[PDB]
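Step one of this worksheet: look at the structure below.
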Amino acid sequence: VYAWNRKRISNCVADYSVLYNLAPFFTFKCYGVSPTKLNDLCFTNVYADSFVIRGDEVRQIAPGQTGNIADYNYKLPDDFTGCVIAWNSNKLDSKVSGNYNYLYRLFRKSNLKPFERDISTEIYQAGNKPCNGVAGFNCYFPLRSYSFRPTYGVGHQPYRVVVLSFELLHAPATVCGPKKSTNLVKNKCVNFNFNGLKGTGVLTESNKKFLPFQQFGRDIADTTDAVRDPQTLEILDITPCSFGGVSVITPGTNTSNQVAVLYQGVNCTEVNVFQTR
Amino acid sequence: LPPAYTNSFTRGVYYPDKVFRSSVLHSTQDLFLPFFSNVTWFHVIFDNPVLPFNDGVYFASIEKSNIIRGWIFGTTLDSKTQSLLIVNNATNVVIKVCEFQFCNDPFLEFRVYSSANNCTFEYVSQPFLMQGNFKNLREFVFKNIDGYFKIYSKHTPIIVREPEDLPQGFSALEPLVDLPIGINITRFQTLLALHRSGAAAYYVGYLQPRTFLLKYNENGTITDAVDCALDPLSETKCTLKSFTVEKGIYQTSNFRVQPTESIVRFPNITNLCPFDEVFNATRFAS
Amino acid sequence: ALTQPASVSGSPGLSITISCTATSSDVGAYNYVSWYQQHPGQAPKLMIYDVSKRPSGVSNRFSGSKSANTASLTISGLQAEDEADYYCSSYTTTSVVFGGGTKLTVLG
Amino acid sequence: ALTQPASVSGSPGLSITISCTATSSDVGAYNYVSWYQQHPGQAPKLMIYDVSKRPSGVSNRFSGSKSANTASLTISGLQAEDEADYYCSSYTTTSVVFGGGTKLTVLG
Amino acid sequence: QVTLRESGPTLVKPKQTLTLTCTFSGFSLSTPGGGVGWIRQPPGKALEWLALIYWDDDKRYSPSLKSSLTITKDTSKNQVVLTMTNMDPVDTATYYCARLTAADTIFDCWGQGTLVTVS
């Protein structure tokens with residue numbers, strides 16, 4: 001509880017479809033982007049945390065809640081764009097006479113700040129008297145001991161909770177989701193999604209000299225001008241699809257009804273025909 | 001050991017972001033080394049002090065063959081926090097982020113440390129992170145970002161055999177590795193090869209939050225840069241996004257003196273409010 | 001603990017039920033309950049655990065349920081090779097109770 | 001009302017538990033519950049009230065809890081000077097029930 | 001598959017210390033949720049649990065008998081040993097040691113039976 005682990009993963013493919021065929025996870029409340037539509041979404045920095053709590057305390061893992069474990073043991077900020085996964089672990093985390101291998105903090109002066117782990121254990125002296133490493137009436141121990149017995153109903157049984165801190169900051173992603181690796185595109189317009197970056201335009205080859213550390217490529221603005229192939233390392237510029245304006249040449253409805261269209265910005269290829277300047 | 005000082009005319013600029021740019025003048029705001037600063041001139045002809053690691057360094061490794069082959073960081077250095085050894089032995093640059101009290105003089109094998117613990121991270125990258133008058137010049141810009149360590153490197157040989165000093169010229173740095181392990185660092189300790197059986201001189205700077213105007217070349221490299229903290233010509237070149245300003249008067253910033261002291265004069269009441277009448281009353285309310 | 005009927009009789013072909021009562025049931029919700037079968041001279045083998053399901057290797061003749069707090073073992077199609085002792089077992093607050101005994105005597 | 005075990009046995013040094021069941025619990029949420037101790041020939045003194053806490057003058061050997069609707073008194077390290085009657089008491093909707101009694105017989 | 005065999009002296013003097021063992025083969029006791037227990041079955045009576053061990057060196061015993069039941073694990077040689085003192089002529093029964101795979105599967109695989117008479 002107070003020593004929740006953190007095993008961050010990076011540079012790997014995360015297929016969340018495996019979690020469905022596992023043990024029943026009737027706690028999949030994705031406080032974030034989307035519970036189902038998650039495989040078609042890459043991540044940059046995913047932090048996987050884990051801890052074991054009771055049953056009636058799982059509702060405090062949501063971003064923003066009161067209680068005892070959501071204020072002094074493990075508190076989440078009101079910006080968490082991720083998912084929480086919990087399941088009944090009363091089959092292997094609850095033994096005879098109670099499993100005392102889980103300790104939770106009970107006495108803490110101030111509220112726990114976002115993403116803080118209190119691994120220290122000092123004698124909680126609640127003021128008004130100088131205490132020492134002993135136990136008395138006004139001086140007690142901050143950490144407590146959980147009693148996980150199989151004779152408890154829904155609410156007092158152990159529940160292994162594991163969350164995924166999806167940062168998703170603007171940066172070259174490392175943890176992409178599972179998707180069918182399709183082929184390349186010729187001088188046509190597509191909806192490519194190269195390494196998280198989801199743009200649209202003509203993917204034509206270029207003659208730029210990218211550096212070994214460079215992945216993306218921009219221009220005088222924030223537009224992704226060029227990019228390198230993830231599995232080919234080729235410099236291909238990303239030019240947007242052909243667009244323009246439409247001007248209707250009308251000689252007047254009182255005279256006739258024939259019109260003429262002026263596709264300004266086209267070379268008579270992406271549309272008699274007469275190319276003007 | 002009297003610490004000397006040198007100059008940093010146009011050295012200490014790296015690539016802030018990993019984005020390719022060509023023929024543009026981009027302005028960035030990140031930790032860099034201010035131009036014309038004071039950098040220690042520690043000579044390795046014995047020297048290994050524990051210099052601070054407030055925010056970023058400019059540790060140079062001017063050597064001949066193998067004099068400087070490692071660095072060490074940390075905040076406690078007494079088996080309390082995790083360390084960072086970046087030893088650069090023969091075809092091995094294995095970084096260890098374990099926690100141990102190595103020694104009080106890491107001279108250099110296993111003579112660096114003397115114990116082990118539960119190491120939380122260890123990188124096993126294979127490529128090592130390392131004439132008449134052509135010596136070897138190399139600099140390693142580090143940062144203390146919570147995300148990664150941001151290890152930069154750029155090696156280049158010097159031309160003339162002048163006394164040891166940072167030469168005149170510009171050379172950007174590119175990232176090599178990014179260690180996602182987070183650990184507080186306040187000081188650093190270099191790891192030099194003893195090899196007893198002058199010689200070298202490592203320079204140590206300190207980064208500061210500044211504003212730079214980086215000019216990218218047509219191939220994709222930075223040729224020159226301007227730091228908007230120098231003489232007002234630099235600020236004039238920064239506020240116009242150019243390197244050749246025209247003749248005329250240009251407004252850049254606004255002069256304003258900042259306060260130095262703080263006055264808080266609350267009234268002399270010396271009487272606590274009787275909150276015990278509304279919080280500890282016998283009959284509370286209806 | 002758990003009390004079980006001492007003597008239970010059953011005609012060949014019919015079906016009989018057992019009773020695994022509460023008897024100061026400190027088990028709580030009484031979620032998990034397993035039934036065993038022990039023939040005279042052998043070792044007790046598991047016949048049905050988690051009465052909502054059945055283990056592999058057991059025919060459909062054995063089935064169980066628990067309406068409110070009492071687990072029942074429904075054994076249909078009695079045969080001569082079925083006279084053995086059955087036991088219902090659960091998890092108590094400080095031990096693992098195995099209940100009482102139930103001897104089946106198939107007459108005829 | 002509240003039902004309690006009649007006779008409870010315990011070896012010197014081990015730990016035994018008491019049961020304060022519901023028995024048509026009109027207490028509602030069963031928030032507050034206090035346990036007393038009455039030696040033969042003396043007056044009942046409070047040992048543990050508000051089982052989440054303990055009163056002053058009582059050693060750490062006495063502890064209690066209430067999972068859902070049943071309060072239990074955990075007394076560890078039994079001694080010779082512990083054979084007395086214990087009573088669990090709560091607040092009903094129209095009175096203050098005191099439940100039954102629980103005699104502790106420390107053999108050996 | 002799981003093979004749970006017992007051993008030890010069947011006939012023993014009264015008021016002694018039994019050394020009934022349980023040699024398990026076919027699985028590793030270090031699995032999370034595993035463990036080996038002991039169940040007594042008197043002649044013409046029902047089952048009764050005596051002791052149970054786990055994968056974290058925890059030794060759980062019956063609340064009635066705690067001054068004599070002492071179980072121990074020997075995974076180094078895969079032989080669970082049970083020791084009980086104060087043997088009276090009422091404990092004569094066929095003992096069984098079964099593996100507890102998990103909470104839902106309470107002692108799926110059992111032993112074979114060793115009658116330990118006390119007279």
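Residues in the structure tokens are numbered from 1 in each chain, the chains being A, B, ... in the order shown, and ligands are numbered from 1 in the order shown.
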For this session: Kindly provide, as a list in words, the residues of chain C having any atom no farther than 6 Å from an atom of chain E, counting only C-alpha atoms.
Result: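 Those within range of chain E come out as residues 32, 43, 46, 95, 98, 100 and 101 of chain C.
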Problem set entry | Close residues, residue 1 of chain E itself excluded, 9 Å, only C-alpha atoms, min 4 positions apart in chain, as number ranges by chain | E: 25-27
Restrict the distance test to only C-alpha atoms, flag each residue of chain C within 10 Å of chain D, and return the flagged residues as an mmCIF file with N, CA and C atoms, in the first residue's frame.
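Output saved as selection17.cif:
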data_model
loop_
_atom_site.group_PDB
_atom_site.id
_atom_site.type_symbol
_atom_site.label_atom_id
_atom_site.label_comp_id
_atom_site.auth_asym_id
_atom_site.auth_seq_id
_atom_site.Cartn_x
_atom_site.Cartn_y
_atom_site.Cartn_z
ATOM 1 N N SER C 24 -23.858 -21.977 13.032
ATOM 2 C CA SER C 24 -23.072 -20.805 13.415
ATOM 3 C C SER C 24 -21.996 -20.520 12.361
ATOM 4 N N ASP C 26 -19.623 -18.881 10.558
ATOM 5 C CA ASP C 26 -18.669 -17.781 10.529
ATOM 6 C C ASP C 26 -17.970 -17.652 9.181
ATOM 7 N N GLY C 28 -19.209 -16.365 6.577
ATOM 8 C CA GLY C 28 -19.586 -15.094 5.980
ATOM 9 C C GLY C 28 -20.543 -15.292 4.822
ATOM 10 N N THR C 94 -10.625 -18.922 11.167
ATOM 11 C CA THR C 94 -9.345 -19.315 11.744
ATOM 12 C C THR C 94 -8.942 -20.744 11.394
#
For this session: Would you mind writing down, as a PyMOL selection string, each residue of segment 8-62 of chain C that DSSP on the backbone assigns to strand (DSSP E)?
Result: chain C and resi 8-9+15-17+34-38+45-49+62
For this session: Name the residues in contact with residue 78 of chain C at a cut-off of 7 Å, using only C-alpha atoms, excluding same-chain residues fewer than 2 positions from it; report them as a PyMOL selection string.
Result: chain C and resi 12-15+76+82
Problem set entry | Contacts of segment 133-137 of chain A within 12 Å, only C-alpha atoms, excl. fewer than 5 positions in-chain, as a PyMOL selection string | (chain A and resi 121-126+142) or (chain D and resi 53-60)
Quick one: contact table of chain A to chain D, 9 Å max, nearest atom pair and distance in Å to one decimal per residue, counting only C-alpha atoms, chain and number order, as a Markdown table?
| residue | atom | partner | partner_atom | distance |
| --- | --- | --- | --- | --- |
| A:137 | CA | D:56 | CA | 7.0 |
| A:152 | CA | D:67 | CA | 6.9 |
| A:153 | CA | D:68 | CA | 7.8 |
| A:156 | CA | D:67 | CA | 7.5 |
Problem set entry | Spatial neighbours of residue 106 of chain B, 7 Å, only C-alpha atoms, chain gap at least 3 places, as a list in words |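 My list of contacting residues is residues 103, 112 and 191 of chain B.
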Exercise. Within 12 Å of chain B, which residues of chain A show up when using only C-alpha atoms, listed as a ChimeraX atom specification?
Worked result: /A:5-11,44-47,167,169-172,207-228,235,237
Could you take the residues named above and write them with C-alpha atoms, as a tab-separated table (two decimals), in the first residue's frame?
chain	number	residue	atom	x	y	z
A	5	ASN	CA	5.81	-0.23	-7.11
A	6	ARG	CA	6.41	1.58	-10.40
A	7	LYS	CA	7.75	-0.36	-13.41
A	8	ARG	CA	7.82	2.03	-16.36
A	9	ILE	CA	7.89	0.42	-19.82
A	10	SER	CA	9.15	2.06	-23.00
A	11	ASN	CA	9.93	1.16	-26.62
A	44	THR	CA	4.89	8.35	-25.02
A	45	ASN	CA	5.51	7.70	-21.30
A	46	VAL	CA	3.38	5.02	-19.61
A	47	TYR	CA	3.88	4.49	-15.87
A	167	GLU	CA	1.46	10.99	-19.89
A	169	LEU	CA	2.91	14.62	-23.80
A	170	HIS	CA	3.89	16.18	-27.13
A	171	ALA	CA	7.03	14.17	-27.93
A	172	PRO	CA	8.23	11.28	-30.15
A	207	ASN	CA	16.15	14.75	-50.89
A	208	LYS	CA	16.71	15.93	-47.31
A	209	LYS	CA	19.69	14.93	-45.17
A	210	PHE	CA	18.27	13.87	-41.82
A	211	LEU	CA	20.59	13.27	-38.87
A	212	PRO	CA	20.78	9.89	-37.10
A	213	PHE	CA	18.97	11.29	-34.05
A	214	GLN	CA	16.29	13.15	-36.04
A	215	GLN	CA	12.94	11.41	-36.37
A	216	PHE	CA	10.45	14.07	-37.48
A	217	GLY	CA	10.86	17.19	-39.61
A	218	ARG	CA	9.28	20.64	-39.67
A	219	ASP	CA	9.47	23.96	-41.51
A	220	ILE	CA	9.09	27.69	-40.76
A	221	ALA	CA	5.90	26.67	-38.91
A	222	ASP	CA	4.68	23.83	-36.67
A	223	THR	CA	3.73	21.71	-39.70
A	224	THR	CA	5.41	18.30	-40.01
A	225	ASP	CA	7.11	18.93	-43.34
A	226	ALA	CA	8.99	15.63	-43.60
A	227	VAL	CA	9.46	12.37	-41.71
A	228	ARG	CA	11.52	9.18	-41.89
A	235	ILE	CA	13.51	10.74	-46.33
A	237	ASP	CA	8.44	14.79	-47.49
Problem set entry | Length of the atom CA of residue 17 of chain A to atom CA of residue 232 of chain A vector [Å] |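 According to the coordinates, atom CA of residue 17 of chain A and atom CA of residue 232 of chain A are separated by 28.1 Å.
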For this session: Fewer than 2 positions away in the same chain doesn't count, so skip those; otherwise give me all residues within 8 Å of residue 94 of chain A, counting only C-alpha atoms, as a list in words.
Result: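 Here the answer would be residues 89, 90, 91, 92, 96, 98, 99, 148, 149, 150, 157 and 158 of chain A.
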Take the residues that were just selected and, keeping N, CA, C and O atoms, output them as a PDB file, in the first residue's frame.
ATOM      1  N   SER A  89      -8.808 -10.409  -5.610  1.00  0.00           N
ATOM      2  CA  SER A  89      -7.616 -11.215  -5.378  1.00  0.00           C
ATOM      3  C   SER A  89      -7.727 -11.962  -4.057  1.00  0.00           C
ATOM      4  O   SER A  89      -6.727 -12.241  -3.391  1.00  0.00           O
ATOM      5  N   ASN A  90      -8.953 -12.300  -3.661  1.00  0.00           N
ATOM      6  CA  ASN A  90      -9.192 -13.045  -2.432  1.00  0.00           C
ATOM      7  C   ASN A  90      -8.793 -14.511  -2.545  1.00  0.00           C
ATOM      8  O   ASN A  90      -8.873 -15.238  -1.549  1.00  0.00           O
ATOM      9  N   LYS A  91      -8.357 -14.959  -3.723  1.00  0.00           N
ATOM     10  CA  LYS A  91      -7.978 -16.356  -3.899  1.00  0.00           C
ATOM     11  C   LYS A  91      -6.526 -16.609  -3.509  1.00  0.00           C
ATOM     12  O   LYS A  91      -6.190 -17.718  -3.078  1.00  0.00           O
ATOM     13  N   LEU A  92      -5.659 -15.603  -3.641  1.00  0.00           N
ATOM     14  CA  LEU A  92      -4.244 -15.770  -3.344  1.00  0.00           C
ATOM     15  C   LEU A  92      -3.680 -14.694  -2.425  1.00  0.00           C
ATOM     16  O   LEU A  92      -2.489 -14.747  -2.101  1.00  0.00           O
ATOM     17  N   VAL A  96      -5.511 -18.031   6.038  1.00  0.00           N
ATOM     18  CA  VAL A  96      -6.082 -18.310   7.349  1.00  0.00           C
ATOM     19  C   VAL A  96      -5.555 -17.307   8.366  1.00  0.00           C
ATOM     20  O   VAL A  96      -4.379 -16.919   8.335  1.00  0.00           O
ATOM     21  N   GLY A  98      -5.957 -14.246   8.585  1.00  0.00           N
ATOM     22  CA  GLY A  98      -5.608 -12.946   8.050  1.00  0.00           C
ATOM     23  C   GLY A  98      -4.190 -12.868   7.525  1.00  0.00           C
ATOM     24  O   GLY A  98      -3.254 -13.348   8.170  1.00  0.00           O
ATOM     25  N   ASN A  99      -4.022 -12.265   6.352  1.00  0.00           N
ATOM     26  CA  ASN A  99      -2.709 -12.077   5.739  1.00  0.00           C
ATOM     27  C   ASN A  99      -2.208 -10.691   6.129  1.00  0.00           C
ATOM     28  O   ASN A  99      -2.705  -9.676   5.634  1.00  0.00           O
ATOM     29  N   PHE A 148      -6.818  -9.608   5.866  1.00  0.00           N
ATOM     30  CA  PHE A 148      -7.510 -10.172   4.707  1.00  0.00           C
ATOM     31  C   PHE A 148      -7.870 -11.621   5.012  1.00  0.00           C
ATOM     32  O   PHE A 148      -7.069 -12.538   4.831  1.00  0.00           O
ATOM     33  N   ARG A 149      -9.104 -11.827   5.485  1.00  0.00           N
ATOM     34  CA  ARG A 149      -9.610 -13.165   5.736  1.00  0.00           C
ATOM     35  C   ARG A 149     -10.654 -13.550   4.695  1.00  0.00           C
ATOM     36  O   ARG A 149     -11.449 -12.709   4.261  1.00  0.00           O
ATOM     37  N   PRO A 150     -10.675 -14.818   4.273  1.00  0.00           N
ATOM     38  CA  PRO A 150     -11.645 -15.249   3.255  1.00  0.00           C
ATOM     39  C   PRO A 150     -13.093 -15.211   3.716  1.00  0.00           C
ATOM     40  O   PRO A 150     -13.989 -15.426   2.892  1.00  0.00           O
ATOM     41  N   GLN A 157     -12.474  -7.735   0.993  1.00  0.00           N
ATOM     42  CA  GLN A 157     -11.558  -8.669   0.359  1.00  0.00           C
ATOM     43  C   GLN A 157     -10.441  -7.917  -0.357  1.00  0.00           C
ATOM     44  O   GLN A 157     -10.623  -6.765  -0.764  1.00  0.00           O
ATOM     45  N   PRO A 158      -9.271  -8.532  -0.514  1.00  0.00           N
ATOM     46  CA  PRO A 158      -8.177  -7.853  -1.217  1.00  0.00           C
ATOM     47  C   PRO A 158      -8.468  -7.704  -2.701  1.00  0.00           C
ATOM     48  O   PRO A 158      -9.041  -8.589  -3.343  1.00  0.00           O
TER      49      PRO A 158
END
For this session: Write out as JSON, numbers by chain which residues come within 7 Å of residue 16 of chain C when counting only C-alpha atoms, dropping same-chain ones fewer than 5 positions away.
Result: {"C": [10, 74, 75, 76]}
Please produce a file of those selected residues containing N, CA and C atoms, as an mmCIF file, in the first residue's frame.
data_model
loop_
_atom_site.group_PDB
_atom_site.id
_atom_site.type_symbol
_atom_site.label_atom_id
_atom_site.label_comp_id
_atom_site.auth_asym_id
_atom_site.auth_seq_id
_atom_site.Cartn_x
_atom_site.Cartn_y
_atom_site.Cartn_z
ATOM 1 N N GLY C 10 -31.124 -44.125 -0.536
ATOM 2 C CA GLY C 10 -31.536 -43.800 -1.887
ATOM 3 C C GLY C 10 -31.756 -45.016 -2.763
ATOM 4 N N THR C 74 -26.693 -32.711 -5.251
ATOM 5 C CA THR C 74 -27.713 -33.462 -5.973
ATOM 6 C C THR C 74 -27.026 -34.541 -6.804
ATOM 7 N N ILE C 75 -27.227 -35.798 -6.421
ATOM 8 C CA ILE C 75 -26.635 -36.944 -7.104
ATOM 9 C C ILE C 75 -27.768 -37.729 -7.750
ATOM 10 N N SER C 76 -27.860 -37.654 -9.074
ATOM 11 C CA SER C 76 -28.891 -38.349 -9.829
ATOM 12 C C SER C 76 -28.327 -39.620 -10.451
#
Exercise. Which is closer to chain A than all the others in E:18, E:84, E:100, E:116, using only C-alpha atoms?
Worked result: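 Of E:18, E:84, E:100, E:116, the one nearest chain A is E:100, counting only C-alpha atoms.
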For this session: Please measure the separation of atom CA of residue 89 of chain B and atom CA of residue 205 of chain B, giving the value in Å to one decimal.
Result: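 Atom-to-atom, atom CA of residue 89 of chain B and atom CA of residue 205 of chain B are spaced 24.6 Å apart.
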